[PDB]
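Visitor: Let me begin by handing over the structure; questions about it come next.
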Amino acid sequence: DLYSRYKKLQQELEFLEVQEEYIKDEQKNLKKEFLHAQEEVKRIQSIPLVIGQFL
Amino acid sequence: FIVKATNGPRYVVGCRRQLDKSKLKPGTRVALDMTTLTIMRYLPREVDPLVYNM
């Protein structure tokens, strides 16, 4: 099948070229949202701290 | 600032902006907000007015 055995190789190759570009950018955005998550841990408190004790 | 209400509980809170935090020394009488419970003032110490009435 020397007509399309070797040319269908690019077909499912272009797509993971693009995902190979893509997951990079998703990692580029999740650091941003990781920083947003970490800072939004600290908006509610640790000025107004009340005192109990562990049991 | 680790503090304790004289009628009850204990808290860790902060001052206003200009309250002279250095002048807070353990054994001083302070004032706290009602709602946010933040330090608003420190006063010269109590009398327990048996002192006043004589």
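Chain labels A, B, ... are given in the sequence in which chains occur in the structure tokens; within each chain residues are numbered consecutively from 1, and ligands are likewise numbered from 1 in the order shown.
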So that I can check the surroundings of range 12-26 of chain B, please list as an MDAnalysis selection string every protein, DNA and RNA residue that reaches within 10 Å of it, counting only C-alpha atoms and ignoring chain neighbours fewer than 5 positions away.
Guide: (chainID A and resid 46:51) or (chainID B and resid 1:4 31:33 36:42)
Visitor: Write the residues of the selection above to a file with C-alpha atoms, as a PDB file, in the first residue's frame.
Guide:
ATOM      1  CA  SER A  46      -4.780  35.879  60.589  1.00  0.00           C
ATOM      2  CA  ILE A  47      -5.324  39.248  61.761  1.00  0.00           C
ATOM      3  CA  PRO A  48      -8.467  38.321  63.829  1.00  0.00           C
ATOM      4  CA  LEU A  49      -7.171  35.257  65.669  1.00  0.00           C
ATOM      5  CA  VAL A  50      -9.125  33.717  68.531  1.00  0.00           C
ATOM      6  CA  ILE A  51      -7.603  31.372  71.078  1.00  0.00           C
TER       7      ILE A  51
ATOM      8  CA  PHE B   1      -0.958  40.526  70.089  1.00  0.00           C
ATOM      9  CA  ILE B   2      -2.042  37.752  72.441  1.00  0.00           C
ATOM     10  CA  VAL B   3      -4.772  39.245  74.651  1.00  0.00           C
ATOM     11  CA  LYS B   4      -7.487  38.078  77.027  1.00  0.00           C
ATOM     12  CA  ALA B  31      -9.133  48.673  74.566  1.00  0.00           C
ATOM     13  CA  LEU B  32     -10.534  46.514  71.775  1.00  0.00           C
ATOM     14  CA  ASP B  33     -13.124  47.072  69.060  1.00  0.00           C
ATOM     15  CA  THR B  36     -13.604  43.590  64.434  1.00  0.00           C
ATOM     16  CA  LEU B  37     -12.126  43.256  67.978  1.00  0.00           C
ATOM     17  CA  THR B  38      -9.046  45.230  66.936  1.00  0.00           C
ATOM     18  CA  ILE B  39      -7.096  47.317  69.432  1.00  0.00           C
ATOM     19  CA  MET B  40      -8.300  50.908  69.530  1.00  0.00           C
ATOM     20  CA  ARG B  41      -6.679  52.420  72.622  1.00  0.00           C
ATOM     21  CA  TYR B  42      -4.646  51.688  75.716  1.00  0.00           C
TER      22      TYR B  42
END
Visitor: Got a sec: who's within 10 Å of residue 52 in chain A, counting only C-alpha atoms, leaving out chain neighbours fewer than 2 positions off, as a short mmCIF file (atom, residue, chain, number, x, y, z; two decimals) with N, CA, C and O atoms, in the first residue's frame?
Guide:
data_model
loop_
_atom_site.label_atom_id
_atom_site.label_comp_id
_atom_site.auth_asym_id
_atom_site.auth_seq_id
_atom_site.Cartn_x
_atom_site.Cartn_y
_atom_site.Cartn_z
N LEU A 49 -7.38 36.62 65.20
CA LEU A 49 -7.17 35.26 65.67
C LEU A 49 -7.72 35.08 67.08
O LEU A 49 -7.39 35.85 67.99
N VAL A 50 -8.55 34.06 67.24
CA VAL A 50 -9.13 33.72 68.53
C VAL A 50 -8.32 32.55 69.08
O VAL A 50 -7.58 31.88 68.36
N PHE A 54 -5.84 22.81 71.87
CA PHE A 54 -6.01 21.51 71.26
C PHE A 54 -6.50 20.50 72.30
O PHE A 54 -6.19 20.61 73.49
N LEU A 55 -7.28 19.53 71.84
CA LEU A 55 -7.61 18.47 72.78
C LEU A 55 -7.16 17.10 72.27
O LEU A 55 -6.27 16.50 72.87
N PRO B 9 -12.94 35.28 77.08
CA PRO B 9 -12.03 34.60 76.14
C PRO B 9 -10.71 35.29 75.83
O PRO B 9 -10.40 36.37 76.34
N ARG B 10 -9.93 34.64 74.97
CA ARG B 10 -8.58 35.06 74.63
C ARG B 10 -8.46 35.22 73.12
O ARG B 10 -9.09 34.47 72.36
N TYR B 11 -7.66 36.19 72.69
CA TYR B 11 -7.60 36.55 71.28
C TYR B 11 -6.18 36.94 70.89
O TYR B 11 -5.34 37.24 71.74
#
Visitor: Could you tell me how far CA of residue 47 in chain B sits from CA of residue 28 in chain B, in Å to one decimal place?
Guide: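 Those two atoms sit 13.3 Å apart.
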Visitor: Residues near residue 45 in chain B, anyone? I mean within 10 Å using only C-alpha atoms, not counting same-chain ones fewer than 4 positions away, as a PyMOL selection string.
Guide: chain B and resi 27-30
Visitor: The selected residues should be written to file as a PDB file, in the first residue's frame (atoms: C-alpha atoms).
Guide:
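Printed below is again-v3.pdb as written:
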ATOM      1  CA  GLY B  27       0.548  44.187  82.356  1.00  0.00           C
ATOM      2  CA  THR B  28      -1.078  47.086  80.491  1.00  0.00           C
ATOM      3  CA  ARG B  29      -4.797  47.765  80.151  1.00  0.00           C
ATOM      4  CA  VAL B  30      -5.963  48.061  76.550  1.00  0.00           C
TER       5      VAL B  30
END
Visitor: Grab the CA of residue 24 in chain A to CA of residue 38 in chain A distance for me, in Å with one decimal place.
Guide: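 CA of residue 38 in chain A lies at a distance of 21.4 Å from CA of residue 24 in chain A.
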Visitor: I need the residues in chain A that are helix (DSSP H, G or I) according to DSSP; give them as an MDAnalysis selection string.
Guide: chainID A and resid 11:39
Visitor: Which distance in Å separates CA of residue 28 in chain A and CA of residue 40 in chain A, to one decimal?
Guide: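 Calculated distance between CA of residue 28 in chain A and CA of residue 40 in chain A is 19.4 Å.
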Visitor: Could you pull out the strand (DSSP E or B) residues of chain B from DSSP and send them as a PDB file with N, CA, C and O atoms, in the first residue's frame?
Guide:
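Final output, result.pdb:
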ATOM      1  N   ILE B   2      -1.280  38.676  71.612  1.00  0.00           N
ATOM      2  CA  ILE B   2      -2.042  37.752  72.441  1.00  0.00           C
ATOM      3  C   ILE B   2      -2.679  38.538  73.577  1.00  0.00           C
ATOM      4  O   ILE B   2      -1.986  39.207  74.351  1.00  0.00           O
ATOM      5  N   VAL B   3      -4.014  38.504  73.650  1.00  0.00           N
ATOM      6  CA  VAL B   3      -4.772  39.245  74.651  1.00  0.00           C
ATOM      7  C   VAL B   3      -5.837  38.336  75.244  1.00  0.00           C
ATOM      8  O   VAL B   3      -6.113  37.246  74.740  1.00  0.00           O
ATOM      9  N   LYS B   4      -6.445  38.811  76.325  1.00  0.00           N
ATOM     10  CA  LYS B   4      -7.487  38.078  77.027  1.00  0.00           C
ATOM     11  C   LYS B   4      -8.542  39.047  77.522  1.00  0.00           C
ATOM     12  O   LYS B   4      -8.218  40.031  78.193  1.00  0.00           O
ATOM     13  N   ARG B  10      -9.932  34.644  74.967  1.00  0.00           N
ATOM     14  CA  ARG B  10      -8.583  35.063  74.627  1.00  0.00           C
ATOM     15  C   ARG B  10      -8.461  35.216  73.118  1.00  0.00           C
ATOM     16  O   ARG B  10      -9.086  34.470  72.359  1.00  0.00           O
ATOM     17  N   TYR B  11      -7.665  36.192  72.686  1.00  0.00           N
ATOM     18  CA  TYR B  11      -7.598  36.550  71.276  1.00  0.00           C
ATOM     19  C   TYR B  11      -6.177  36.936  70.891  1.00  0.00           C
ATOM     20  O   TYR B  11      -5.340  37.244  71.742  1.00  0.00           O
ATOM     21  N   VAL B  12      -5.922  36.925  69.583  1.00  0.00           N
ATOM     22  CA  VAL B  12      -4.712  37.493  68.991  1.00  0.00           C
ATOM     23  C   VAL B  12      -5.162  38.487  67.925  1.00  0.00           C
ATOM     24  O   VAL B  12      -5.691  38.087  66.881  1.00  0.00           O
ATOM     25  N   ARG B  29      -3.358  47.865  80.349  1.00  0.00           N
ATOM     26  CA  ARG B  29      -4.797  47.765  80.151  1.00  0.00           C
ATOM     27  C   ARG B  29      -5.136  48.420  78.820  1.00  0.00           C
ATOM     28  O   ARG B  29      -4.829  49.598  78.605  1.00  0.00           O
ATOM     29  N   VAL B  30      -5.771  47.659  77.932  1.00  0.00           N
ATOM     30  CA  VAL B  30      -5.963  48.061  76.550  1.00  0.00           C
ATOM     31  C   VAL B  30      -7.450  48.088  76.236  1.00  0.00           C
ATOM     32  O   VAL B  30      -8.284  47.621  77.009  1.00  0.00           O
ATOM     33  N   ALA B  31      -7.769  48.638  75.069  1.00  0.00           N
ATOM     34  CA  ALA B  31      -9.133  48.673  74.566  1.00  0.00           C
ATOM     35  C   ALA B  31      -9.196  47.957  73.227  1.00  0.00           C
ATOM     36  O   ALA B  31      -8.251  48.011  72.437  1.00  0.00           O
ATOM     37  N   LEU B  32     -10.316  47.290  72.983  1.00  0.00           N
ATOM     38  CA  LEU B  32     -10.534  46.514  71.775  1.00  0.00           C
ATOM     39  C   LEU B  32     -11.820  46.976  71.114  1.00  0.00           C
ATOM     40  O   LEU B  32     -12.732  47.458  71.786  1.00  0.00           O
ATOM     41  N   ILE B  39      -7.499  46.397  68.378  1.00  0.00           N
ATOM     42  CA  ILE B  39      -7.096  47.317  69.432  1.00  0.00           C
ATOM     43  C   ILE B  39      -7.330  48.750  68.981  1.00  0.00           C
ATOM     44  O   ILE B  39      -6.937  49.147  67.880  1.00  0.00           O
ATOM     45  N   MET B  40      -7.973  49.530  69.839  1.00  0.00           N
ATOM     46  CA  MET B  40      -8.300  50.908  69.530  1.00  0.00           C
ATOM     47  C   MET B  40      -7.591  51.904  70.421  1.00  0.00           C
ATOM     48  O   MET B  40      -7.361  53.038  69.985  1.00  0.00           O
ATOM     49  N   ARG B  41      -7.179  51.497  71.617  1.00  0.00           N
ATOM     50  CA  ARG B  41      -6.679  52.420  72.622  1.00  0.00           C
ATOM     51  C   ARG B  41      -6.061  51.597  73.742  1.00  0.00           C
ATOM     52  O   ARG B  41      -6.404  50.430  73.938  1.00  0.00           O
ATOM     53  N   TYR B  42      -5.119  52.207  74.447  1.00  0.00           N
ATOM     54  CA  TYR B  42      -4.646  51.688  75.716  1.00  0.00           C
ATOM     55  C   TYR B  42      -4.868  52.765  76.759  1.00  0.00           C
ATOM     56  O   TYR B  42      -4.680  53.954  76.488  1.00  0.00           O
ATOM     57  N   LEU B  43      -5.281  52.354  77.929  1.00  0.00           N
ATOM     58  CA  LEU B  43      -5.575  53.352  78.930  1.00  0.00           C
ATOM     59  C   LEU B  43      -4.599  53.249  80.091  1.00  0.00           C
ATOM     60  O   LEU B  43      -3.987  52.195  80.299  1.00  0.00           O
TER      61      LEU B  43
END
